[PDB]
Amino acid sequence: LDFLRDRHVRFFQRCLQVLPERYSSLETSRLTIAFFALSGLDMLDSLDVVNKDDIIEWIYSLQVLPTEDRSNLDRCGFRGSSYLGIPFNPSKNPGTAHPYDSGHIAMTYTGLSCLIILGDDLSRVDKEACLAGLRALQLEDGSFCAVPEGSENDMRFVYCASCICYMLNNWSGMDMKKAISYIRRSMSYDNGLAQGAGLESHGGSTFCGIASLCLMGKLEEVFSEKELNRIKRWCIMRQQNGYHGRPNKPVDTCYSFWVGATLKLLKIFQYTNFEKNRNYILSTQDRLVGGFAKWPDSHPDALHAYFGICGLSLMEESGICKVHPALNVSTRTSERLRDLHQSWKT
């Protein structure tokens, strides 16, 4: 059918407003929910329906700044929300010590990402503190953790680290050699990329791996042509109509981006079947409340609404900005970032 654009703009608007206690489990990931909504509006060219200034202040209130003594550098970055109870501070005063307050790699990523989308120039971001915190998250094997206190480690966070270094236009945030090693070691016998060595190759980790390399500008340098051909084969085999994340698994709207974006980075998305993909994505569109779901006749959420739209974007949907396949922001935004970077270089 058709793309209910306005319906989706309202949907994202509501996401930025208030949610039912039913979404309590997203408390520590509120910043990424914000990202889905903001980048989603950006992708639909509707950022005007929100107060960029208010939101920018809220975001900055989530930054874990270094304290006076700077004894918490290894823990700087961004929080997913204010759940710890720290007094609201839009990165105005120095950081207030707290035994358990520290950033989360996915939040530092979506946070910076949101700031750029909203037009902020990142001047209030303590770049060095963030990079210091990032470094602290990398393990001996090259992968990353989400928080300094410890957590699981895998490709998801390698991608987060890559995006952070890229946006701050400084790769001192990671030991790139070790990260690349981790990404190579994750390639499966079936040629896809898994969350880690030995694990089942997966659409999500393949995107994270490939996108990370592209962000480092080392795709061609890390994988041979023969290897890239094998990876391309694995990826393009994911299309059933829409895309699934693993062989013999049902399709899921968000993979239209995870896999689709990987195919785009590998310059072969053009050889996929657009109609069946578009048709599937639209079949998961909630015509009443707006947004998209993973499967048709399923409830919509911010993640699928966003990735479903980015999926449509990949095929240049009428009414949607082109999405930067590696950075996960609109090309328009990736551009403003380019200018921003030039600015600093003076």
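Just count from 1 along the sequence shown to find any residue number.
On average the C-alpha atoms of 88 to 96 have higher B-factors than those of the other stretch, with 88 to 96 and 211 to 219 being the two compared. The stretch 64 to 72 shows the higher mean C-alpha B-factor when 64 to 72 is compared against 310 to 318 in the entry.
Across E200, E152, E227, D252, the greatest Cα temperature factor reported in the deposited entry is at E227. Reading the B-factor column for the CA atoms of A194, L122, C160, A261 in the entry, the top value corresponds to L122. Annotation for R287: C-alpha temperature factor in the highest third relative to the rest of the modelled chain, per the entry. Sort the chain's modelled residues by C-alpha temperature factor and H299 lands in the highest third, per the entry. Sort the modelled residues of the chain by CA B factor and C165 lands in the middle third. Among all modelled residues in this chain, the alpha-carbon of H104 has a temperature factor (C-alpha) in the lowest third.
Sort the chain's modelled residues by C-alpha temperature factor and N51 lands in the highest third, per the entry.
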